[PDB]
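Take a look at the structure below.
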2 protein chains.
Amino acid sequence: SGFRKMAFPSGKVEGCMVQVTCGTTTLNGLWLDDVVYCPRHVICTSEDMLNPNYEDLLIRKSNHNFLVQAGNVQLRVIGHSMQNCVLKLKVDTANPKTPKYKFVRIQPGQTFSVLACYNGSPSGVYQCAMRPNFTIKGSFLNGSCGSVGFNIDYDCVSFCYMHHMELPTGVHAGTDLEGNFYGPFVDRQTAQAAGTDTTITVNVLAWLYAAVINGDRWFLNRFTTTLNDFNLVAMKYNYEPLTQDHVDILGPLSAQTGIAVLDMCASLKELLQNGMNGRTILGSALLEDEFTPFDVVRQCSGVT
Amino acid sequence: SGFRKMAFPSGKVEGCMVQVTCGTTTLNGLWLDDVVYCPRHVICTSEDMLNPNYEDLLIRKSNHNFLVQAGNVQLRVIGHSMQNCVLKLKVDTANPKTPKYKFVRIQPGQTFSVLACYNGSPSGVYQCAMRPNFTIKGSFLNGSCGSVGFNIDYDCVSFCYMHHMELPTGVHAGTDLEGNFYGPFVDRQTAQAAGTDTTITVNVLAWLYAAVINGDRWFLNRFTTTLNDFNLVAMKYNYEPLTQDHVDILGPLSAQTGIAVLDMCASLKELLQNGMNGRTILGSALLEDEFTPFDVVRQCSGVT
Ligand SMILES: NC[C@]1(C(=O)Nc2cncc3ccccc23)CCOc2ccc(Cl)cc21
Ligand SMILES: NC[C@]1(C(=O)Nc2cncc3ccccc23)CCOc2ccc(Cl)cc21
């Protein structure tokens with residue numbers, strides 16, 4: 001019993017973190033095999049960030065201008081290239097701690113763990129989600145760039161995020177491990193405002209199923225609804241539309257609890273319309289949307 | 001910017017987890033040097049849990065009855081002893097991944113990370129706190145016993161908790177690494193009810209300081225108070241009394257924000273009396289109490 005915002009064990013990722021310095025700029029890099037991946041803005045000064053021409057700034061950089069340190073030992077850079085918004089620094093030594101890994105580009109609503117790092121050293125691990133507006137609500141200070149987001153399937157780490165930027169609103173933007181930003185964000189210190197941060201409906205429903213599995217059942221109502229009627233309410237509350245694909249994904253949670261997906265939608269509809277009335281669900285006074293249906297099944301089943 | 005419920009990187013602890021089996025009972029153990037620590041209830045059947053006489057049950061167990069597996073390799077048990085509610089299984093091999101470590105007994109209100117494990121394998125990491133009633137609100141399923149709670153000071157892991165039990169209310173009880181339970185709980189399947197789960201006032205105040213540092217300032221009021229007046233309100237709301245020691249501990253957060261501790265107390269007093277009015281603080285609709293003042297300084301400063 002109990003339900004926590006749980007991150008994946010971070011050991012496999014801690015073994016990959018290195019410090020990357022270019023001139024007077026330092027950030028984190030991810031060392032997998034003989035390649036260190038890091039944000040390309042490691043080549044920028046604070047002034048360059050205002051309007052950087054990365055290809056031009058990179059002409060002034062050679063392999064020896066990128067200092068890669070793993071622990072307290074220096075790695076030898078034998079090649080470098082820019083792929084979208086990341087640099088790939090080829091080193092002469094394969095990371096002996098390289099786990100089984102994949103690079104994946106996640107969809108909005110998908111969750112992942114972040115290992116926040118400073119100077120190549122891990123400081124903490126937390127769970128977050130790719131928001132529907134393609135920002136993430138992380139916890140990052142200056143120097144955290146290059147920290148990564150990931151999921152683990154038994155022994156394989158699927159890297160899905162690399163931290164690059166903080167918007168003026170305190171939310172975060174980054175790329176997948178091929179250097180493509182999530183959403184419309186750019187690695188330039190310019191006016192970039194995020195769109196509506198809508199609530200991830202399928203994740204709220206999954207967390208309401210977790211609440212029923214853990215004994216919090218007060219919100220279960222006597223009603224049902226349809227996807228169309230539910231979505232009319234979801235639109236009004238800035239919740240993402242629920243599709244039949246989301247209903248299919250919630251199937252196993254529906255079977256475990258015996259609560260039909262549309263009945264849970266009707267319970268969610270009443271919670272949106274009536275509020276919580278000072279009550280809590282799994283220790284929260286708001287509807288939590290950063291647990292996917294897969295996360296709920298994993299946490300409630302004990303997948304290692 | 002941003003403020004997350006952040007756990008310590010779990011790698012150093014993942015390297016210590018092993019599976020311990022005694023007969024048909026399996027749980028997790030912690031392998032440090034040449035000793036594996038685990039809950040003594042690994043010797044019990046489901047029936048024994050109702051009224052176990054551990055000393056008597058242990059007479060029927062020899063070193064070869066405790067199966068310790070690290071990964072997919074078996075460790076040789078050369079000694080065993082019971083210390084309070086834990087068994088210490090001496091093995092012939094020192095854990096090569098033993099980090100620098102200490103065993104500490106924490107006070108209520110103190111936070112720590114938990115590495116939830118099943119069959120000696122890590123499944124997730126989350127942050128929690130020792131409640132004022134000496135329970136913890138974890139996320140544990142059957143088989144999670146022996147999972148540990150810890151804090152990290154740079155390279156030294158201070159182990160503070162080992163999971164043993166779930167109360168009928170879904171909250172958790174466990175011991176320090178010397179086998180002494182936190183609070184009045186026992187490793188027996190009997191009527192054990194938790195006391196009042198009061199709110200950890202000093203931690204709420206620390207989290208209100210984190211909110212001000214991160215830009216959430218709406219709740220800052222035009223008032224101040226005294227410890228005595230504040231505590232009259234705290235008592236009414238089942239909040240722990242605030243002492244001058246808590247005020248001293250909040251000193252650095254007071255200096256960083258320029259908000260006197262008693263002014264923040266007055267703001268907290270108004271939030272308790274008026275409610276949130278549908279507003280949020282750091283993405284929460286309730287007052288968060290599982291961040292200590294040290295956690296806030298660490299997260300807002302970037303300690304690795
Ligand atoms: N140091 C490089 C960089 C960075 O780390 N950004 C940040 C990323 N995340 C959280 C931050 C929290 C406070 C401060 C900066 C943060 C990225 C490139 O553009 C900039 C531009 C300005 C500044 Cl002051 C920093 C940066
Ligand atoms: N298997 C041993 C043990 C255990 O793991 N307990 C649990 C601890 N934490 C979370 C649990 C969530 C569901 C179930 C049990 C949980 C501890 C000893 O006493 C008992 C007694 C009964 C049962 Cl059914 C299990 C146990």
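Letters A, B, ... mirror the listed sequences (proteins, then strands); counts begin at 1. Because only heavy atoms are used, hydrogens play no part in the values below, and waters and symmetry mates are left out as well, while side chains stay in.
The 12-atom threshold is not exceeded at CZ of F294(A), counting heavy atoms of other residues, nucleotides or ligands nearer than 6.0 Å. The local environment of CG in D197(B) is crowded, with over 12 non-hydrogen atoms from other residues, nucleotides or ligands closer than 6.0 Å. The number of heavy-atom neighbours closer than 6.0 Å to CZ of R217(A), taken from other residues, nucleotides and ligands shown, is 12 or below.
Interface remark: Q299(A) contributes backbone and side-chain atoms alike to the contact with chain B (heavy atom separation under 4.5 Å). Looking at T280(B), the atoms closer than 4.5 Å to chain A (heavy atoms on both sides) all sit in the side chain, from C-beta outward. Contact annotation for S301(A): only backbone heavy atoms (N, CA, C, O) come within less than 4.5 Å of a heavy atom of chain B. Neither the backbone nor the side chain of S113(A) comes within contact range of chain B; no heavy atom of the residue lies under 4.5 Å from a heavy atom of that chain. Heavy-atom distances place both the backbone and the side chain of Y118(A) under 4.5 Å from chain B. Within the 4.5 angstrom heavy-atom criterion, atoms from both the backbone and the side chain of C128(A) approach chain B. Residue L115(A) touches chain B through its side chain alone, counting heavy-atom pairs closer than 4.5 Å.
Comparing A285(A), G275(A), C300(A) by heavy-atom pairs within less than 4.5 Å of chain B, the highest count is held by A285(A). Most heavy-atom pairs under 4.5 Å with chain A, from the set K12(B), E290(B), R298(B): that is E290(B). Among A116(A), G11(A), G283(A), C117(A), the residue making the largest number of heavy-atom pairs under 4.5 Å with chain B is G11(A). Counting heavy-atom pairs under 4.5 Å between each of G2(B), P9(B), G138(B) and chain A puts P9(B) at the top. For the set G15(A), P122(A), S139(A), the entry with the most heavy-atom pairs within less than 4.5 Å of chain B is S139(A).
Counting all heavy atoms, side chain and backbone alike, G124(A) lies closest to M6(B) at CA-CG, 3.6 Å.
With rounding to the nearest 0.5 Å, the separation of CE in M276(B) from CG in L286(A) is 8.5 Å. To the nearest 0.5 Å, atoms NZ (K5(B)) and CD (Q127(A)) are separated by 13.5 Å. Between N142(A) atom CG and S1(B) atom OG the span is 12.5 Å, to the nearest 0.5 Å. With values rounded to the nearest 0.5 angstrom, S121(A) atom OG is found 11.0 Å from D155(B) atom CG.
Judged by distance alone, with hydrogens and angles left aside, the side-chain atoms of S123(A) form no donor-acceptor pair with the main-chain N or O of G302(B) at under 3.5 Å. Looking only at distances, a side-chain donor or acceptor of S10(B) sits under 3.5 Å from a matching main-chain atom of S10(A). In this structure, the side chain of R4(A) engages the main chain of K137(B) through a donor-acceptor pair within 3.5 Å.
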